[PDB]
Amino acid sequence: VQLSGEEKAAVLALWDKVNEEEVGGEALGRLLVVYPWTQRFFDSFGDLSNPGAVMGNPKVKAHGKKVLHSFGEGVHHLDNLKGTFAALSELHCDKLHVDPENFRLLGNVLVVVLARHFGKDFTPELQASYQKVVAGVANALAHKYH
């Protein structure tokens, strides 16, 4: 990913402050509420009818934590994104059949959730760097669809 050396340091320093469970649970829940067709993939998780049931569903929280942990792996391996997510790309293409447009949607919801948690510390410049990161991850996850 085209990221300067000052940019990477700011990205890594913010990740130190990311609670993967809180952020991850909130980002996956907001995806399910805002883009409700994504609920189709998670029928396993039970009741996802109203926002209250989504945000407090323990499986939404646990899965969001797993998603965010894997995001954090990408953040710590920005020079090898395609290889970090190769196995996950196969899983999402071949087993789950997620359209890759949804990877971009989740990445943008994550950015909005980072904004909500960090406030004015989440500057326009730091958002810009995170937009490059989430796009890099979405394209690594789409690699094996191609």
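So that there is no doubt, residue numbering starts at 1 and follows the sequence shown.
Should the higher mean CA B-factor in the entry be assigned to 18-26 or to 134-142? For C-alpha atoms only, the mean B-factor is higher in 134-142.
Mean Cα B-factor comparison, 73-81 or 35-43, giving the higher one as deposited: Higher mean C-alpha B-factor in the PDB entry: 73-81.
Maximum C-alpha temperature factor, selected from 52, 64, 107, 100: In the PDB entry, the greatest C-alpha B-factor among 52, 64, 107, 100 is found at 52.
Highest-ranked of 112, 60, 68, 88 once sorted by CA temperature factor in the record: Highest CA B-factor of the listed options: 88.
Where does the C-alpha B-factor of residue 95 rank in its chain, lowest, middle or highest third? Answer is highest: the recorded C-alpha B-factor places it there.
CA B-factor placement of residue 9, once the chain's modelled residues are sorted into thirds: According to the entry, residue 9 has a C-alpha B-factor in the chain's highest third.
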